[PDB]
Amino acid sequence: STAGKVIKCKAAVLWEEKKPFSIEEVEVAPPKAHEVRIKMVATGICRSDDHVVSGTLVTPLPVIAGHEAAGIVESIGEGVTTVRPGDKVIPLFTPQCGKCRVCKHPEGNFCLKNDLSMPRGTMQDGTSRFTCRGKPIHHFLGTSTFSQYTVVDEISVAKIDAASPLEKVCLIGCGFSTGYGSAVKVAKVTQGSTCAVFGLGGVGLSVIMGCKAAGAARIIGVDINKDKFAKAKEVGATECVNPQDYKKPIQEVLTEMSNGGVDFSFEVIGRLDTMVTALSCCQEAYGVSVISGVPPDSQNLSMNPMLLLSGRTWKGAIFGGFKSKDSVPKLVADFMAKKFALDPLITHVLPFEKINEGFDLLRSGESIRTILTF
């Protein structure tokens, strides 16, 4: 009874930069070829969504943001073979087309069909499925999850376990997978190793989780906010250090604590200075440092290339380095098998309509993660 027809529903539209989200009645067009319309069940509030508001992550406005989410398929357009009406799904802000240079590469995941490098804010076909009072509203990262219903291209959605709790697994759409993959996929943390995680928010916690699943012997949480330590240890951190406690630079403290440098360091914060600090605190000959947060408005950092000449490896990634469509279902499966817990990351749950409160919570730093429910 909705298939093939425009659906009228509510969405959170951002009409202009630096403005609160406006809950509006919007029209969601039915899926065209290879597209999938999804009824949203839950969506997380991610810092990246806030960068849009800030005009820091440039993408065309007005837009429906939101990229970390889970829902149920309402209908599919022609030619769609990977999901069916009724399936539980997670939108993939990093698509997996399967055919570009990158998707075919054993090590690449940044699919060239992405709307991140040069944001267009549309469907793959250059159009939008969203209107508010006749006016076109843009899409965001091919997902647009801050709406009761969205339409995404098939390469930007993955089918997940029919028994999954969507209020929890939605985190796999961004925050968790980013942190988790940084450790298990990008760094390739090894058993018995020593790890240093800079930034103990939601993503840093997921890094710890990855280091633990990988069997790290030591995981040193680093953060200037000691209130983050309890939860960090709770998910696997062996120790926690607050750089503000020390009279010496933190790379020194970490090098000395790890008897010469750690095996693996992670910067999840996106700070120029900590990214360099994190690089230096890894062992000079075989240490690996992984970054996962870089604000779209980043200036250039300044570092000494001698940090690299000795043997260090520096790398970054998007979405934890996971090929999205392949990985998302496996991660949910892992969750369903009770291999890792997501609850520690969820500190707040609010009905969708209270989105702006959820953003206040994000900006204040009070929450690790707010989940919005429909």
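Heads up: residue numbers just count along the shown sequence, starting at 1.
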Higher avg CA temperature factor (316-324 vs 336-344, as deposited) belongs to 336-344
Looking only at C-alpha temperature factors in the entry, 360-368 or 347-355, the higher average sits in 360-368
Looking only at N225, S289, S147, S156, the Cα with the top B-factor belongs to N225
Highest CA B factor of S265, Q251, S182, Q96, as deposited, is found at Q251
Entry-reported C-alpha B-factor of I76 relative to its chain, by third, is middle
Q299: C-alpha B-factor third of its chain, per the entry, is the highest
Quick tally, chain-level thirds of C-alpha B-factors: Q124 sits in the middle
Assert third(CA B-factor, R37) within chain per record equals lowest
Binned into thirds over the chain's modelled residues, the C-alpha B-factor of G199 lands in the lowest
